[PDB]
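Here you'll find one protein chain in two forms, each presented separately as structure tokens under the names structure 1 and structure 2.
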Structure 1
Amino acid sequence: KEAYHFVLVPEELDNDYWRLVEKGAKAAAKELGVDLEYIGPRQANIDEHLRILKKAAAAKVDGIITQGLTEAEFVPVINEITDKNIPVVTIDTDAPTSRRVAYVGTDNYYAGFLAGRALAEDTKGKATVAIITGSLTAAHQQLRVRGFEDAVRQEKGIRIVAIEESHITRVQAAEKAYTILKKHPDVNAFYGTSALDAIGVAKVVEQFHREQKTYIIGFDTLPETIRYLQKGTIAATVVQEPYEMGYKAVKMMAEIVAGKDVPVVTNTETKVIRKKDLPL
């Protein structure tokens, strides 16, 4: 009996969030006697991401765990991998129209919906919102935006005046905040859907001395996010369970190759945390 060899491809190797996924994935792998190879782009890059997927598939590994990041490029690659009878578990971002066997990650539509609810609650239903999103093509970003929009649609005192892409860098989130605040000086609320968006926004808001008049809600728990939350510049952030999705993704791949029944979608929890919830 040879050990199962699984590949987990993170969006970015050196990233606090994915290192938490790696920890959970390696904990489950060790617990099951599974060889887990954790490889991806050192810096997020779609083309090296796809290239590492197709390489792992050509190695006849027993299963591949990955984001279904974009419909256009990742659904074909997931299906291509599935056509070699290698099962794919999606993690963090689903591709529900692909032939991936199972998904483990946040309900991204509903993370954004809870963010809309939290913004409406905290602003007492009155806000002029700008949205910073990592990209318009990444499936989880799209869902987080759409969920927020649906949540606030009937909030008569809320209107969304801008949506801008950060390309998941802190510097470009700041850039877009400079552009938005210049163009829409009535903006008193920012919603960021990737891990550095609120952080980039927070810097610009503080530069213009607008923190006391600006509500900021972002995603995840990076150190600068916790700092701005303790300081008051960021009012809230949506917290995921990267360790748990790493752990559950590996355990579910093992169930799949063992022939057991597994659900198609497993959603790890999501929570809107504010300053009062710190420490985590």
Structure 2
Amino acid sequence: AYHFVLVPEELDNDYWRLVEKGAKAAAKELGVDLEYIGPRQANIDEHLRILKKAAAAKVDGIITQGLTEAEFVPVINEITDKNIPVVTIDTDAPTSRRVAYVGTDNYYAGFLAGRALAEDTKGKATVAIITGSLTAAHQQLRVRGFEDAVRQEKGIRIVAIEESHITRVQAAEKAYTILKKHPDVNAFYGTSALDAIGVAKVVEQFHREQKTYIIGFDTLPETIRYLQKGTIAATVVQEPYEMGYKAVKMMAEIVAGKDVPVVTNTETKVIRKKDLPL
């Protein structure tokens, strides 16, 4: 009876709970034991601790983010040398010895965000970026993709980048700080699931909705509420359920000796109020 472990970035984060639903649905489907374990609070040192722990515990396969190249590559290769196969999810480490990746093309998601912002503001924007962190690999890619997409827009300019450590509260905090310091900011870009929600709270508190474009990530309920209301103008779709489901099925194929593709990019697109509901 196969035993796999899935490690989220943070246990009770709303987006990861959707990943867990798809993983446990696939696990039930194959008669597989899925253990979902990860830090209470997103923390790179604990994250590495939960992985090395799960490795020494007889498990048949480990599904995890490849969060940072400097730390997670040695650990993944560590876990591989114990003849335990690793599947990366949501954030890839393409230089490690993980067998396969299931998750968004992160650069492209950020690139599609930049393209939408430039269409919506028609080339004119003073932009602040709220990102989950400056060291997480998917966050960097979503930032770099966005920069690349807007570089040709002479009238788009990025004035600030701050970290939210993927909470609502710290996204709101950073939006209070950016706005006080850059009152000409008329556009926000959030790169993780809770960022546009924190920005939207502050924009609504200041009655700034009419002079602030907000494009964020993912489709958590409150993002859809702000999207229908108007506070948020667009959001980059991800497929957390389907990537939780395909990561498990892909693990089951790997330990069954079957060939599998190295990368499987779940779908990503920018949606607006006109694409609701889904």
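Think of the rigid core as the biggest set of C-alphas that the two forms share within 1.5 Å after superposition. Numbers given to residues start at 1 and step along the sequence of structure 1.
When the rigid core is held fixed, the Cα atom of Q230 travels less than 2 angstroms between the two structures.
Taking the rigid core as fixed, one finds a CA shift for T270 smaller than 2 Å between the two structures.
For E149, the displacement of the CA atom between the two structures, after superposition on the rigid core, amounts to 0.4 Å. In the rigid-core superposition between the two structures, residue position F208 carries a C-alpha shift of 1.2 Å. On a core-based overlay, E12 has a Cα shift of 2.7 Å between the two structures.
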